[PDB]
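Given as structure tokens, the chain that follows is alone and in the form deposited in one PDB entry.
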């Protein structure tokens, strides 16, 4: 169960309340490794429980810390919103802020949210780069970087954006996770250059 995987009591209560009675296979396989700080390469698709697989240990990692601690990249506004909603449910009542940054709104609204130093930022690669270029997303405290559906981000033209983000965020103290159903050459290059010999989970 989630307790036996190493998850704290308050987070487990929140998971139970959202209907997570038992971990999924990918959560059982990933979570103990994610908690150990190891880089993870997940070959998984929606339906597996992959949001919980990265999100649950991320909550355990950032709770009680200050400033932007983690960045999750998603291919679409819709997936970003869904991931952010789940993370807010996981972390219910523990003082964790989650901020979403994607296109379609003026960037001023997001800048204001980022000034408060949310522990978790979830965004699309293009919008994230806008904040990096404006210095409104500080990378100095970012200790976890998650690429959700890396193949889909590449299908939408974001490979250079992903490369840039992975190069710009300091790597030595960073834990990186990459989830993707397919791994074409461009994605394999990201793993080889920007990750630390990740554990492969299938």
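Positions refer to the first chain, counted from 1. Throughout, rigid core stands for the largest set of C-alpha atoms superposing within 1.5 Å between the two forms.
The stretch with the higher mean CA B factor, choosing between 108 to 116 and 81 to 89, is 108 to 116.
Checked against the record, the higher mean CA B factor of 50 to 58 and 161 to 169 lies with 161 to 169.
Among all modelled residues in its chain, residue 27 ranks in the lowest third by Cα B-factor. Placement of the Cα temperature factor of residue 15 within the chain: lowest third of the modelled residues, per the deposited record. The deposited CA B-factor of residue 186 belongs to the middle third of values across its chain. Among the modelled residues of its chain, residue 95 has a C-alpha B-factor that falls in the lowest third, as given in the PDB entry. In this PDB entry, residue 68 carries a Cα temperature factor that places it within the middle third of its chain's modelled residues.
Below: the form deposited in another entry, not depicted.
Taking the core as reference between the shown form and the other one, the lone member of 139, 43, 48, 136 whose Cα moves by 2 Å or more is 48. Relative to the superposed rigid core, residue 18 undergoes a CA displacement of at least 2 Å between the shown form and the other one. Compared with the form shown here, the Cα atoms of residue 86 and residue 48 sit 3 Å or more closer together in the other form.
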